[PDB]
Amino acid sequence: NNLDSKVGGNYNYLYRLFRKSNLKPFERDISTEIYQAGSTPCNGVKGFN
Amino acid sequence: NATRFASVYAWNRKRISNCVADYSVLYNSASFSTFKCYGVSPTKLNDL
Ligand SMILES: *[C@@H]1O[C@H](CO)[C@@H](O)[C@H](O)[C@H]1NC(C)=O
């Protein structure tokens, strides 16, 4: 916190909130392609669900 | 789908038990402009 956080905040530190499946041990996923959580297809940067 | 809502100073609150909570009929509707969670995720609610 004392080295790594910042007063208005630090925000460089992404985690991942979604994935079609669990990953395998020591897998690394760099893909940022939009997660189609709903029944609709979803090209473009966002959508509902 | 009720007509009138309470204020934020006197916020309403309903106890829920003795039911099955189908989120599919709720969450899979674009009528919501916000839906954001803090210990759970929409893709797993019905398994909880
Ligand atoms: C690997 O990619 C394929 C095709 O997209 C997919 O079916 C599979 O689930 C992926 N596996 C992992 C561990 O990401």
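Reading the values: the criteria
Residues numbered from 1 in each chain as written, not as in the entry; some residues may be left out. Chains lettered and ligands numbered in written order. Part of a larger assembly, values for the part shown. Heavy atoms only, no water. Helix = DSSP H or I, 4+ residues; strand = E, 2+ residues; numbered from the N terminus. Buried < 20%, exposed > 50% of the residue type's maximum accessible area, 1.4 Å probe, protein only. Areas by Shrake-Rupley, 256 points an atom, 1.4 Å probe, with all protein chains shown as cover. Disulfide = S-S within 2.5 Å. Salt bridge = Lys/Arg side-chain N within 4 Å of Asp/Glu carboxyl O.

Chain B carries the name Spike glycoprotein in the PDB entry, which gives Severe acute respiratory syndrome coronavirus 2 as its organism.

In the nomenclature of the PDB entry, chain A is known as Spike glycoprotein of Severe acute respiratory syndrome coronavirus 2.

Enquirer: Where do I start with the overall build of chain B in this structure?
Expert: Scanning chain B from terminus to terminus reveals one helix and zero strands. Each principal axis of the C-alpha distribution contributes one length, and for chain B these read about 30 × 30 × 20 Å. Each of the 48 residues in chain B was classed as buried or not, and the buried ones make up 8%. If you sum the accessible surface of chain B, you get close to 5,000 Å²; carbon and sulfur atoms cover 52% of it.

Enquirer: What's the story with the state of the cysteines in this structure? I'm lost.
Expert: Residues and elements named next belong to chain B. What the rule picks out here adds up to zero disulfides over all chains. You can see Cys19 has no disulfide; the closest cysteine sulfur is in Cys37, sitting 17 Å from it. Taking the relative accessible area as the measure of exposure, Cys19 reaches 49% and is therefore partly exposed. We classify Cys37 as partly exposed; its relative accessible area is 22%.

Enquirer: Would you mind showing me how to read the pattern of salt bridges here?
Expert: Oppositely charged side chains can form a pair if their charged atoms are brought close together. Residues and elements named next belong to chain A. Inspection of the entire model under this criterion finds two salt bridges over all chains. Here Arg16 and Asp29 are joined by a salt bridge, their closest N and O atoms 3.8 Å apart. Among the residues examined, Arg16 registers a relative accessible area of 37% and is labelled partly exposed. Here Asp29 falls in the partly exposed class, since its relative accessible area comes to 24%. Between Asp29 and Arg19 there is a salt bridge, with its nearest N and O atoms 3.1 Å apart. Residues participating in the shared-partner salt-bridge network are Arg16, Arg19 and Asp29.

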